[PDB]
Amino acid sequence: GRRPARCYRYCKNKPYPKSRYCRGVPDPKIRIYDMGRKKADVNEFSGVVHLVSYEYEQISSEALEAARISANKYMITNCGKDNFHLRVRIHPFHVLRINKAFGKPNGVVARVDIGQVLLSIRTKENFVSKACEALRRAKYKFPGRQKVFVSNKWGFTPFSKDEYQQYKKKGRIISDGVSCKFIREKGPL
RNA sequence: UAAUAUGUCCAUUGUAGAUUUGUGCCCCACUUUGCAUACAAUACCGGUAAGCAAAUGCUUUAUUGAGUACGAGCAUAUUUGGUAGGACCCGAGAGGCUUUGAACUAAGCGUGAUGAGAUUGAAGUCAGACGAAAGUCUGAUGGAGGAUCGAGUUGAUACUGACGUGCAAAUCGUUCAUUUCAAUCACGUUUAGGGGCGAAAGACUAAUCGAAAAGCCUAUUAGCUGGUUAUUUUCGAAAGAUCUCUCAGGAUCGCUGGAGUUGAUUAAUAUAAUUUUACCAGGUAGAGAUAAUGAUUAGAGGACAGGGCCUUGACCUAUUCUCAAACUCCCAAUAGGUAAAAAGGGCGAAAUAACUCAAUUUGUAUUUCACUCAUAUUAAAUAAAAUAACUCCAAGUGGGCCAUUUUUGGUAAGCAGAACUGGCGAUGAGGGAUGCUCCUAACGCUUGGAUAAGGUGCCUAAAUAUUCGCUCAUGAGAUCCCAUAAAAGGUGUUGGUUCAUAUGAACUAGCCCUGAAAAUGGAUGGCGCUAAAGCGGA
RNA sequence: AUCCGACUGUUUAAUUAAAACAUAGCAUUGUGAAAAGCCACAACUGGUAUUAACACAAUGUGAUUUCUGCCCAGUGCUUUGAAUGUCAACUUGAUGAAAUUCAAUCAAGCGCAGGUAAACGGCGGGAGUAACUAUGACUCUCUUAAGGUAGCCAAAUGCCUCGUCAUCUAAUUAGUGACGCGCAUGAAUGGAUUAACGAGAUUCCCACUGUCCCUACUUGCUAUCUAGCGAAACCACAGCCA
RNA sequence: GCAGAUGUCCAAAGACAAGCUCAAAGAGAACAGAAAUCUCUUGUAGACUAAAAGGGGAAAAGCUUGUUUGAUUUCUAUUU
RNA sequence: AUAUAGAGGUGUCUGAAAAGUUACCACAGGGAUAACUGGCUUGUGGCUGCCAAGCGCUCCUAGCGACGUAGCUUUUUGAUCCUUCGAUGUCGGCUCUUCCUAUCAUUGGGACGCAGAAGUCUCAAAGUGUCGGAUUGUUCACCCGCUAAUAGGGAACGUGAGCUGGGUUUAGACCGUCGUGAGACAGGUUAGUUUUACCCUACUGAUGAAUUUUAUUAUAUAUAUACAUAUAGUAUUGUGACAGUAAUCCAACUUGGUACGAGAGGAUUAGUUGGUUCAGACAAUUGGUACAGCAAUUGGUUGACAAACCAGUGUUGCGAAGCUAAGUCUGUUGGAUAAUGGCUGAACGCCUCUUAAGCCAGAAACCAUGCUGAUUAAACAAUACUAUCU
RNA sequence: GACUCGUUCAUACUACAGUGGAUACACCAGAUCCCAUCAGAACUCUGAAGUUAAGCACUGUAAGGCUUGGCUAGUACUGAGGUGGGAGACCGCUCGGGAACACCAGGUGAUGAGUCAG
Ligand SMILES: [Mg+2]
Ligand SMILES: [Mg+2]
Ligand SMILES: [Mg+2]
Ligand SMILES: [Mg+2]
Ligand SMILES: [Mg+2]
Ligand SMILES: [Mg+2]
Ligand SMILES: [Mg+2]
Ligand SMILES: [Mg+2]
Ligand SMILES: [Mg+2]
Ligand SMILES: [Mg+2]
Ligand SMILES: [Mg+2]
Ligand SMILES: [Mg+2]
Ligand SMILES: [Mg+2]
Ligand SMILES: [Mg+2]
Ligand SMILES: [Mg+2]
Ligand SMILES: [Mg+2]
Ligand SMILES: [Mg+2]
Ligand SMILES: [Mg+2]
Ligand SMILES: [Mg+2]
Ligand SMILES: [Mg+2]
Ligand SMILES: [Mg+2]
Ligand SMILES: [Mg+2]
Ligand SMILES: [Mg+2]
Ligand SMILES: [Mg+2]
Ligand SMILES: [Mg+2]
Ligand SMILES: [Mg+2]
Ligand SMILES: [Mg+2]
Ligand SMILES: [Mg+2]
Ligand SMILES: [Mg+2]
Ligand SMILES: [Mg+2]
Ligand SMILES: [Mg+2]
Ligand SMILES: [Mg+2]
Ligand SMILES: [Mg+2]
Ligand SMILES: [Mg+2]
Ligand SMILES: [Mg+2]
Ligand SMILES: [Mg+2]
Ligand SMILES: [Mg+2]
Ligand SMILES: [Mg+2]
Ligand SMILES: [Mg+2]
Ligand SMILES: [Mg+2]
Ligand SMILES: [Mg+2]
Ligand SMILES: [Mg+2]
Ligand SMILES: [Mg+2]
Ligand SMILES: [Mg+2]
Ligand SMILES: [Mg+2]
Ligand SMILES: [Mg+2]
Ligand SMILES: [Mg+2]
Ligand SMILES: [Mg+2]
Ligand SMILES: [Mg+2]
Ligand SMILES: [Mg+2]
Ligand SMILES: [Mg+2]
Ligand SMILES: [Mg+2]
Ligand SMILES: [Mg+2]
Ligand SMILES: [Mg+2]
Ligand SMILES: [Mg+2]
Ligand SMILES: [Mg+2]
Ligand SMILES: [Mg+2]
Ligand SMILES: [Mg+2]
């Protein structure tokens, strides 16, 4: 069925992805990535919490999926299903391989860096503690060393809260869905 | 067929080059000569092209030869090497050739012998009994049988008994199978080695058998194993590579020694695992995905298909999340190449040519003259740079392994496979308790000194030094490789950070505790150590 | 009671005594003779053979009982040959100045056409289908030289497997009797069955016992000590551990 | 180790020249439809180039046409 | 025939013209290379965590624990090929000892989805124990039964100069499949030599010298003295450092049909009597044993009777004594603790088992007591006499 | 002012606009001949009636692109050293070297030879 997961912890082997030279690779267990009110505006949620791994590791896709599930369920238990936005900001492309000689492809892995974020929760400023808790719970399921990190950003958008507010006040920013575009003074009239 | 070719006894032309000759006794800066040799260039000889072609073959053109251009060889002594031989020594299994054996054993034959004693009781025979008939029974006798049991004999079933440096290179004990027949034994005799003999086990053929023994061919051959003999000194490797019926070998390169030569000895030019100043060449690390390929998660904003103006879609547009060893707009570090001037370069003349051009001189290249280029700081440093080149002759080696870093396969491996460098191997010494590779440092023999790595409680030479913290452990901790520990905890203590109203939080990181279980007894190396002799410093 | 061999016999001298070999019986094949068969020998000659088809030689199977199915495409063996493809020397002819080069020819052998399995051997797969379901007499289909027949079986033949049901036991991966789409049974590779026999292989029952519970005592001979005599293998040096 | 490929194919798919521009998309035109042909617009190649894959290639190295055999003989310097 | 240039081909592609088998094998070698241990690794197996979606009537966590994740172990099988091919005897059983703990039972505890009983989870605990059988060569497995329980392991997958040799893995042979065949089988079946201790060490016992750079826990008449005592030889009695250790579990009944429970059921703890296993003895008694000894008797032999003898101890019967089990007897309790429960009591004005300082009760565990040795201490003391002693 | 041959080969491109045509370019007019096709569309030839409408030149766009520079950022990465840390994964320090995307701002050409018109 599966291996102890400690076999595919460290980033040994160069990134081996799904392409013309892999072919027979099973589907990743994680498919949703982002859930809980995914169609919300940028102005809807202000509190953004990240799950930053301080480990150069691989992270099974299945593990990631499990973590996501944990995050979701906890959120549901806590507040409304439409009061948060869960984003998995790491995708598994590096397909592992097993030998039963060159091994045959078996499952994918979501290899990470020392600085990059795993899970990101965009919620209202009221439910930040809950979000943090959820993140922590999720972490219990990843390998290595992770850390819950509340951001000064507005939510997924690369602007500080105050800055965002300022922008809104002078109308230099247009909100689409989750992501927002900043008017740069560049295009034609 | 056979080496300028009779203009001249002269001895082809260069560029560096020893020695000379002079000028101002080694360097200098010129002249002067130009050994050896290197590097070319020409001639010419043989062949072969090509062009011509009836000659003694001719040619302004090619190529090729182990050629030639004023000979160097021959002989011999020693040497190493390579080859043949017994071939450094010792070692096979075998192959053949000619003999010797059947006293053992195998079978056949000839002549002889040998099998205590019992048991069963076949035919035939005799007597008796019954039946309308056919016929059928009963008691003897008889002594048949590859019948039965069984001493001996011949064997060898079991104890897998004893013995197993025995009594014995197959024995002993008990048990067992065999005993009138395919029996057993003796003597004689026949059959002999790729042969015999075989109720067949490749059995046996003189303790020898899936091809005897003896001698010879033979000192057969072995890329394989073991061995391979005085001392000191000097130099000193490789375990790459290409080919190999090759992967335990060999051949040739590499690396090494010796021999020699040309040089250098003019703190120079040559040159250098080095750097600079120039100039390049890259596409790895990184970075990118709203740059292309391939992926890839979302919604937002928009204008073809389906259902009853709305919904589901796809499609654009602007975005967004994450990516690539076999993606790239870009692109390091490191590594690499050329450059940095006298056998040369400048600007010029005149030459020469069958080349080139439109230009007998348009240029090219060559040659001879000119003028003139830093130089003792030596055309940027620095250089125990000539200990250099080069040539020869050979040896060993061609199983490698380890460490940091980069790295591929592999769950991983003291695993397999690679890259750069260093080691070990070939290497001791001081340290790491102990150790082929870790650190220090490579080694003549001595004295004194001062260190390196590491240490300084004792073992153990050197501090129970000083100085500021941190740790208490009812399985502490103790220094690269290294001899393991983790996720997760901890109202243990010690600092912090962020917050709130001297408390309440949340975190955070040090030490410490839990998590933490394997087999002989037990290992920071031991003893021990807690105001450390622990951990982190100074 | 089961398995194997029928039996008496023989065998690997010194690890295998048997289920191996032999055996009678059965079956096959060749050969009518010194020009035959099978074999030996360098040769000439010889053996069988002082033989003659109830013989000799060569095989296979292995008493009896009961049977030995199907298949000659494959490989063998074998039978007919101027219809016959090929197939050698010689021969013969053509060519040439000749060497040669070419053609042609009734050899066997093979090819062509048969015969042969007690010669070597081999001997199917899928579907569908019967008043509660199952199974499939029966049907279709691809294909083979023939598609394994009578039997027999988890047999010394069964991987799965310690196969399912019985039976033996308190309990049985054993034994026995069944079952059988049998990886991969099977008919002189003989199949199936067998009385008697076996230092054969296997299981159970009764008797019997120190095999064992659970050891004890005892006897000879050794060991032991002495007198006498007196080796060897082995041995780098040696000999405590964590 | 990984993803593959080769033992060939071609009088042209060779040679030279000329002309032309491809894939795709959109908007159009009887039959005509998701593919038939034609036209225009846009078209850095997203086509095609004998085949593996990687280069390279646009008044071409692709496609169309014309003319042809240099897929010729001999010999060097050489690179892998 | 050459010369030159192509072509006919070597795909093992720098280019032999080439099929098998050996379980009948031989030789040279190889740990450059397998099957065995160990070693490295731990994928696999086994064991332990962490998180908590649920399950568990209600309830995340009594017990569980998905999705995940972190380890450890080498009792699995691999991976590996470092060690050994001038041999480390290759499975299993029997036998025997020790070690481990990842404890099945027993002791003490804590938790429960603990009313009692029974049980489940868990902690200190390895002191003591963990069987008889049927089938299989088996390890493993599966039953049957007893049991307090029938826990898991290791020690060169402990243990072949200990054995056994059933299997695997020689030669014989049979069957099935495979191969044209010789033969092959990680298919089945049967028959198939298990050599040597007398060496060193280790262990078990058995003697036994020697021991002055060696000793001394005092001696001597309140004072002395290590600037000191000590001869030796026998012999008795002791000392006892140190080493070894031993006892173990159950049943029945009484407590009690009581506590508890709606009821059915139904105990802890003591106490008593027994037993099991083990150990140490011992033999009155029972049995066992016979080459003390009597008695009988068979065949033979001495002329007979008698007395005997011989038959590897002739064979019986009985058999003292001596050994011996299947027989009999005996097999302690303190100290200090672990788990745990507490106590006083801060940190932290309360609380707090101390997750401070101090205490307390507490286990089949530990150490004593007890028991065995004590040329394990080269030990020593005291007495008794003696050869000269001062 | 314009053209021809060019050089660098986007500051030169593209998209949408605007402005300009003395000479020039260009479009355009015609097909006998050389020629080329399905087609005088192209190509070729012969012209000069018109026109800047396009080509072309020039300019504009809080243009796309490209090109310089800052800024990312001394961040990422990295050469050498370390008995440095960290169980490890990896991460500091010492001597050095040093990116990229994005972002912001500037820029949108220059030029060699010749000829022609005034
Ligand atoms: Mg596992
Ligand atoms: Mg790898
Ligand atoms: Mg010799
Ligand atoms: Mg030969
Ligand atoms: Mg004889
Ligand atoms: Mg005889
Ligand atoms: Mg025998
Ligand atoms: Mg014996
Ligand atoms: Mg003996
Ligand atoms: Mg044989
Ligand atoms: Mg020899
Ligand atoms: Mg030297
Ligand atoms: Mg060797
Ligand atoms: Mg990268
Ligand atoms: Mg990235
Ligand atoms: Mg790349
Ligand atoms: Mg060596
Ligand atoms: Mg060294
Ligand atoms: Mg050490
Ligand atoms: Mg160093
Ligand atoms: Mg000194
Ligand atoms: Mg000093
Ligand atoms: Mg000292
Ligand atoms: Mg101590
Ligand atoms: Mg110390
Ligand atoms: Mg028989
Ligand atoms: Mg024998
Ligand atoms: Mg027979
Ligand atoms: Mg028969
Ligand atoms: Mg038949
Ligand atoms: Mg014929
Ligand atoms: Mg049948
Ligand atoms: Mg039985
Ligand atoms: Mg049966
Ligand atoms: Mg068959
Ligand atoms: Mg017999
Ligand atoms: Mg001797
Ligand atoms: Mg063209
Ligand atoms: Mg090895
Ligand atoms: Mg594991
Ligand atoms: Mg050895
Ligand atoms: Mg031995
Ligand atoms: Mg041994
Ligand atoms: Mg425990
Ligand atoms: Mg329990
Ligand atoms: Mg209870
Ligand atoms: Mg083991
Ligand atoms: Mg032994
Ligand atoms: Mg033995
Ligand atoms: Mg054994
Ligand atoms: Mg056996
Ligand atoms: Mg055998
Ligand atoms: Mg008695
Ligand atoms: Mg007598
Ligand atoms: Mg008696
Ligand atoms: Mg405290
Ligand atoms: Mg205009
Ligand atoms: Mg712009």
# chains A, B, ... in the order shown; residues from 1 in each chain; ligands from 1
$ residues_near_ligand --ligand "ligand 11" --cutoff "9 Å" --atoms "only C-alpha atoms (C1' of nucleotides) and all ligand atoms" --output "ChimeraX atom specification"
/B:86,90-92,218-221
$ residues_near_ligand --ligand "ligand 40" --cutoff "12 Å" --atoms "only C-alpha atoms (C1' of nucleotides) and all ligand atoms" --output "list in words"
residues 3, 4, 5, 6 and 7 of chain A; 411 and 412 of chain B; 41, 42, 43, 44, 45, 46, 47, 48, 71, 72, 73, 74, 76, 77 and 78 of chain E
$ write_last_selection --atoms "C-alpha atoms (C1' of nucleotides)" --output "PDB file, in the first residue's frame"
ATOM      1  CA  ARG A   3       5.865   3.301   2.669  1.00  0.00           C
ATOM      2  CA  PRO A   4       6.688   4.674   6.190  1.00  0.00           C
ATOM      3  CA  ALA A   5       6.949   8.200   4.654  1.00  0.00           C
ATOM      4  CA  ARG A   6      10.371   8.682   6.304  1.00  0.00           C
ATOM      5  CA  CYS A   7      11.870   7.157   3.139  1.00  0.00           C
TER       6      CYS A   7
ATOM      7  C1'   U B 411      13.947   2.845   1.605  1.00  0.00           C
ATOM      8  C1'   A B 412      18.789   2.765   2.894  1.00  0.00           C
TER       9        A B 412
ATOM     10  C1'   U E  41      20.902  -0.956   6.074  1.00  0.00           C
ATOM     11  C1'   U E  42      15.430  -1.928   7.833  1.00  0.00           C
ATOM     12  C1'   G E  43      12.365  -1.694   2.308  1.00  0.00           C
ATOM     13  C1'   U E  44       9.362  -5.994   4.481  1.00  0.00           C
ATOM     14  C1'   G E  45       7.989  -8.044   9.128  1.00  0.00           C
ATOM     15  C1'   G E  46       7.375  -6.828  14.515  1.00  0.00           C
ATOM     16  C1'   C E  47       6.885  -3.389  18.094  1.00  0.00           C
ATOM     17  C1'   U E  48       6.212   1.864  20.031  1.00  0.00           C
ATOM     18  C1'   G E  71      10.718   6.314  15.791  1.00  0.00           C
ATOM     19  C1'   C E  72      12.836   1.982  17.647  1.00  0.00           C
ATOM     20  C1'   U E  73      14.038  -3.312  17.065  1.00  0.00           C
ATOM     21  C1'   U E  74      16.880  -7.169  14.220  1.00  0.00           C
ATOM     22  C1'   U E  76      10.864 -12.238   9.623  1.00  0.00           C
ATOM     23  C1'   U E  77      12.254 -11.824   4.731  1.00  0.00           C
ATOM     24  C1'   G E  78      15.128  -8.815   1.653  1.00  0.00           C
TER      25        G E  78
END
$ closest_atom_pairs --of "chain B" --to "ligand 15" --cutoff "10 Å" --atoms "only C-alpha atoms (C1' of nucleotides) and all ligand atoms" --output "JSON lines"
{"residue": "B:286", "atom": "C1'", "partner": "ligand 15", "partner_atom_place_in_ligand_line": "1 (Mg)", "distance": 9.3}
{"residue": "B:287", "atom": "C1'", "partner": "ligand 15", "partner_atom_place_in_ligand_line": "1 (Mg)", "distance": 7.5}
{"residue": "B:288", "atom": "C1'", "partner": "ligand 15", "partner_atom_place_in_ligand_line": "1 (Mg)", "distance": 7.8}
{"residue": "B:289", "atom": "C1'", "partner": "ligand 15", "partner_atom_place_in_ligand_line": "1 (Mg)", "distance": 9.2}
{"residue": "B:322", "atom": "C1'", "partner": "ligand 15", "partner_atom_place_in_ligand_line": "1 (Mg)", "distance": 8.6}
{"residue": "B:323", "atom": "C1'", "partner": "ligand 15", "partner_atom_place_in_ligand_line": "1 (Mg)", "distance": 6.9}
{"residue": "B:324", "atom": "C1'", "partner": "ligand 15", "partner_atom_place_in_ligand_line": "1 (Mg)", "distance": 9.8}
$ write_last_selection --atoms "N, CA, C and O atoms (P, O5', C5', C4', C3', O3' and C1' of nucleotides)" --output "PDB file, in the first residue's frame"
ATOM      1  P     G B 286      18.900  25.512  -7.860  1.00  0.00           P
ATOM      2  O5'   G B 286      18.718  27.094  -7.910  1.00  0.00           O
ATOM      3  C5'   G B 286      19.009  27.909  -6.758  1.00  0.00           C
ATOM      4  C4'   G B 286      19.165  29.360  -7.153  1.00  0.00           C
ATOM      5  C3'   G B 286      17.909  30.052  -7.654  1.00  0.00           C
ATOM      6  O3'   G B 286      17.093  30.489  -6.572  1.00  0.00           O
ATOM      7  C1'   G B 286      19.716  30.567  -9.090  1.00  0.00           C
ATOM      8  P     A B 287      15.498  30.358  -6.663  1.00  0.00           P
ATOM      9  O5'   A B 287      15.121  31.354  -7.847  1.00  0.00           O
ATOM     10  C5'   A B 287      15.443  32.756  -7.773  1.00  0.00           C
ATOM     11  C4'   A B 287      15.139  33.432  -9.087  1.00  0.00           C
ATOM     12  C3'   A B 287      13.766  33.129  -9.674  1.00  0.00           C
ATOM     13  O3'   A B 287      12.817  34.015  -9.090  1.00  0.00           O
ATOM     14  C1'   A B 287      15.425  32.832 -11.341  1.00  0.00           C
ATOM     15  P     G B 288      11.273  33.918  -9.486  1.00  0.00           P
ATOM     16  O5'   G B 288      11.257  34.512 -10.963  1.00  0.00           O
ATOM     17  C5'   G B 288      10.025  34.852 -11.612  1.00  0.00           C
ATOM     18  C4'   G B 288      10.026  34.364 -13.042  1.00  0.00           C
ATOM     19  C3'   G B 288       8.910  33.400 -13.404  1.00  0.00           C
ATOM     20  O3'   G B 288       7.698  34.105 -13.656  1.00  0.00           O
ATOM     21  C1'   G B 288      10.965  32.619 -14.295  1.00  0.00           C
ATOM     22  P     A B 289       6.656  34.386 -12.462  1.00  0.00           P
ATOM     23  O5'   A B 289       5.274  33.865 -13.057  1.00  0.00           O
ATOM     24  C5'   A B 289       4.803  34.311 -14.342  1.00  0.00           C
ATOM     25  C4'   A B 289       4.860  33.182 -15.346  1.00  0.00           C
ATOM     26  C3'   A B 289       3.633  32.269 -15.387  1.00  0.00           C
ATOM     27  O3'   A B 289       3.246  32.004 -16.734  1.00  0.00           O
ATOM     28  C1'   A B 289       5.584  30.987 -14.964  1.00  0.00           C
ATOM     29  P     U B 322       2.708  30.462  -4.773  1.00  0.00           P
ATOM     30  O5'   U B 322       3.179  29.109  -5.472  1.00  0.00           O
ATOM     31  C5'   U B 322       3.309  27.899  -4.704  1.00  0.00           C
ATOM     32  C4'   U B 322       3.226  26.679  -5.590  1.00  0.00           C
ATOM     33  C3'   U B 322       4.471  26.348  -6.392  1.00  0.00           C
ATOM     34  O3'   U B 322       5.455  25.698  -5.595  1.00  0.00           O
ATOM     35  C1'   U B 322       2.514  26.005  -7.703  1.00  0.00           C
ATOM     36  P     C B 323       6.990  26.153  -5.687  1.00  0.00           P
ATOM     37  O5'   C B 323       7.615  25.102  -6.709  1.00  0.00           O
ATOM     38  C5'   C B 323       7.722  25.392  -8.118  1.00  0.00           C
ATOM     39  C4'   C B 323       7.400  24.158  -8.926  1.00  0.00           C
ATOM     40  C3'   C B 323       8.382  23.813 -10.035  1.00  0.00           C
ATOM     41  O3'   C B 323       9.514  23.084  -9.564  1.00  0.00           O
ATOM     42  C1'   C B 323       6.159  23.635 -10.844  1.00  0.00           C
ATOM     43  P     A B 324      10.982  23.417 -10.130  1.00  0.00           P
ATOM     44  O5'   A B 324      11.433  22.061 -10.839  1.00  0.00           O
ATOM     45  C5'   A B 324      10.466  21.114 -11.337  1.00  0.00           C
ATOM     46  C4'   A B 324      10.951  20.439 -12.600  1.00  0.00           C
ATOM     47  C3'   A B 324      12.158  21.069 -13.292  1.00  0.00           C
ATOM     48  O3'   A B 324      13.379  20.539 -12.785  1.00  0.00           O
ATOM     49  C1'   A B 324      10.416  20.797 -14.864  1.00  0.00           C
TER      50        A B 324
END
$ interface_residues --of "chain B" --to "chain A" --cutoff "10 Å" --atoms "only C-alpha atoms (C1' of nucleotides)" --output "list in words"
residues 294, 295, 296, 297, 298, 299, 300, 301, 318, 319, 320, 321, 322, 323, 324, 325, 326, 407, 408, 409, 410, 411, 412, 487 and 488 of chain B
$ residues_around --residues "stretch 123-127 of chain A" --least-positions-apart "2" --cutoff "12 Å" --atoms "only C-alpha atoms (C1' of nucleotides)" --output "PyMOL selection string"
chain A and resi 35-38+40-50+75+78-87+120-121+129-134+150-156+161+178
$ residues_near_ligand --ligand "ligand 28" --cutoff "12 Å" --atoms "only C-alpha atoms (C1' of nucleotides) and all ligand atoms" --output "count of residues only"
16
$ residues_around --residues "stretch 344-357 of chain E" --least-positions-apart "3" --cutoff "10 Å" --atoms "only C-alpha atoms (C1' of nucleotides)" --output "count of residues only"
4
